[PDB]
């Protein structure tokens, strides 16, 4: 199975999103993040990246391929075990975490924290999203980066339902349906700017195209931790 789909349902409207393995969306996203943030994978000791929602494990593995120290976090044990197998099969070293973003804790800190492919805003209230932002800020090294990949709301025409369904080889079904708090660009900026971050760029796609509110498919914000005396 190379193809997977996301489905967005509002009350009257509907949007389908197509994802193919051969598109290499994960690598192109990682390449854009590395280029725009200036993170050098060749640097020693290697910088540390936390993929706070690895999903199947495609983009976290893409980070790890460049030589970065990658920790992958997801609530689904199946999706984590999928990422172990792929990393094991490619001889790639990765750490794995199964923590909720509202209470996620680590002993170490990170240089980059990546929340990619519309994995933000699943919670009951808006306050829980501000808590997660504050949590991510406390896990970053000084000058650390936070990359937030949100859908651009124009592409859906405050809560929409996002539905994903996966099938194992034998046919076993895995259902991933969520509520998604939909943030305008202003709201996404206000969320990060008042969370301790400074937004450095916004891009409209995984190739780095400029974000246009009225036309872009993606709203990927790349933010950097403000300085503290």
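Positions refer to the first chain, counted from 1.
In this entry, residue 88 and residue 89 are joined directly, with no residue of the deposited sequence lacking coordinates between them.
Judged by mean Cα B factor in the deposited record, 165-173 ranks above the other of 62-70 and 165-173. As listed in the deposited structure, the average C-alpha B-factor of 205-213 and of 5-13 is greater for 5-13. By the numbers in the PDB entry, the CA B factor is greatest at 82 among 119, 82, 138, 76. Out of 156, 132, 147, 150, the entry records its largest CA B-factor for 156. Among all modelled residues in its chain, residue 125 ranks in the middle third by Cα B-factor. Sorting the modelled residues of the chain by their CA temperature factor places residue 56 in the highest third. In the PDB entry, a CA B factor belonging to the highest third of its chain's modelled residues is recorded for residue 45.
Ranked by Cα temperature factor within the chain, residue 222 sits in the lowest third according to the deposited record. Among the modelled residues of its chain, residue 196 has a C-alpha B-factor that falls in the lowest third according to the deposited record.
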